[PDB]
Every structure is written in structure tokens, then in C-alpha cells.
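Proteins get letters first, then strands, A, B, ... in listed order; numbering begins at 1 in each.
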Number of protein chains: 2
Amino acid sequence: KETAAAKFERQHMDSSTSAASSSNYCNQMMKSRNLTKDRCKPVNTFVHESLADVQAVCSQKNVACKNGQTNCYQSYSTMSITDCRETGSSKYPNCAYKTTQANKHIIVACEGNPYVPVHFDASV
Amino acid sequence: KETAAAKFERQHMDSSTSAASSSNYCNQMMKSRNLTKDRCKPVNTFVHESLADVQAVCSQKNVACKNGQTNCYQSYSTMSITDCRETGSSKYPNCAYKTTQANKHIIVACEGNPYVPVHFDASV
Ligand SMILES: [Cl-]
Ligand SMILES: [Cl-]
Ligand SMILES: [Cl-]
Ligand SMILES: [Cl-]
């Protein structure tokens, strides 16, 4: 099984580009990160900052998570992100996603030693 | 019991102001909308647009909700929003919230006739 930190990296990190460069970014990245293997993952956010900047959020502002847990943290700065969400044309195995690029603060849940991101809760 | 549309209005609409004007906006609004009555609601977003503009999102872009349902819609334009999330100092009945104002697209789930917003899914 994948560790929770490595699953967060695979699902949410895309440091190789500054921003989504096209409307087909999400169809390509949801496929390549293996988020459409047996079903289309409905919603997923990628963060276009270094892994170190995203890990650093775990020592920034502590805030509640949506589920009421207390180990979420909100980045002090906005980050470049792309949100991917399935469109009404999406039908597995032919998944199809809308790509929305934005600059937002991110909220992550952190756990472990090292204390690192294990879930993406939201952007603001 | 409150209808689902009226609960969405009470929890997520604040058309009376263009934006949060202070850091204490969320402590005041979470109290006044009765979101701290028996426990502190951990996370809640208010939208600073008219009710008609938010209802209109239900005929805009259809997108998956985070839970995989297919009745979510993303606003075509960004809207003024304030996200309220409890801080580490929050301890019911002394709830305390961080106020983050932003201009983001909103995602809502819609239901009914009239087909109107019944849940706030996320901002992008
Ligand atoms: Cl994989
Ligand atoms: Cl996500
Ligand atoms: Cl009430
Ligand atoms: Cl909310």
C-alpha cells in the first residue's frame, strides 16, 4: 500500500509547471497520476509549487478541517493550483474533466514524523 | 425543520456587504447565523453577491461534486466570498474563527423545483 504522504504527492503535487497551460491539462494529469484507473475520480486539485513549499504549510496557520479535525493548516501565501472536476460528458473509462487554474491559499491536513501533508482539504 | 434551500441561504449568503471588512467578520457572522449554537461549526463560506446571482449558478457549468454526485455547478464568474474556519484558540462556547476574504468561483449542489442551491461544495 502507498503511504499517506506519497498518496498526497501523487494526487496533489505538480511542481513541473507554473500553471495549467491548456484546457486538456486535467484530462492528461488525472490519467497520468492514475486517478482514473477503475473509476473517474470526481474532483482533484494539483498544486504548482515546490514540494518543499507545500510541506512547509504544515507549520503555517492551524485551522479546522471541514470534517472538524484540528490538524489542518492554511498556507500563508496564495499558490498556483489547478482544480480538476468531471464534466457532464464524463463516462468511465472515458473520463473528462474541466480544468480551472487559480491562485489560492491551500488547506492541507498534516500527520506523521516528519509532519507532512496527507490530505488536501480545500483552497481559499 | 428548515428546508434545504433556506438552510443554504442562512449558512452561505451575505448579500449586505461587498466583502468582509474586518478580522472579526467570521466570529460575528458564525454567531448571528446560529452556526455556533451547540458546537462550533468548523468551516463555513459566505458569499457576498445577490441571492439571485447565487441561485443563477444552478444553470451554469455542471461539474462533479467532491462526493461524486452530478448536481453541482460552478459559477462562470468569480464572486466575493469569505471563508470562516475555527482557529486553535477556539473552544465552544467560545468559538473563534479566522476570516479569509477572497474572489473565487463557487461550486454549489442544486435540487428542487425551483432548482436552487442546497449545499456549498467548494470555491475555486
Ligand atoms: Cl500509481
Ligand atoms: Cl482535491
Ligand atoms: Cl436559525
Ligand atoms: Cl462551507
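Neither the backbone nor the side chain of B/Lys41 comes within contact range of chain A; no heavy atoms are under 4.5 Å apart. Only the side chain of A/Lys98 comes within contact range of chain B, with heavy atoms under 4.5 Å apart. For A/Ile81, no part lies near chain B; criterion is any non-hydrogen pair under 4.5 Å. For a residue to count as touching a neighbouring chain, one of its non-hydrogen atoms must lie under 4.5 Å from one of that chain's; by this rule A/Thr70 does not touch chain B. Proximity to chain B involves both the backbone and the side chain of A/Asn62, based on heavy atoms less than 4.5 angstrom apart. For a residue to count as touching a neighbouring chain, one of its non-hydrogen atoms must lie under 4.5 Å from one of that chain's; by this rule A/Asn103 touches chain B with the backbone only.
For the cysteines A/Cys72 and A/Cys110, the sulfur (SG) atoms lie at a distance of at least 2.5 angstrom from each other.
Heavy-atom pairs under 4.5 Å with chain B were tallied for A/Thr87, A/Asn44, A/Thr100, A/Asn67; the largest tally goes to A/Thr100. The candidate from B/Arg39, B/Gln74, B/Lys61, B/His105 with the greatest count of non-hydrogen atom pairs under 4.5 Å with chain A is B/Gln74.
Residues A/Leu51 and A/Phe46 do not share a hydrophobic cluster, clusters being chains of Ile/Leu/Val/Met/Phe/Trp/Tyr side chains in contact below 4.5 Å.
The aromatic rings of B/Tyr115 and B/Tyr73 sit perpendicular, their planes meeting at an angle over 60°, well past the 30° parallel limit.
Between A/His12 and A/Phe120, the distance from one ring center to the other falls under 6.0 angstrom.
When the shell of 6.0 Å around NE2 of B/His48 is examined, it contains more than 12 heavy atoms from other residues, nucleotides or ligands.
Ion pairing between a basic and an acidic side chain is recognised when a charged N comes within 4.0 Å of a carboxylate O; A/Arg85 and B/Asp121 show such pairing.
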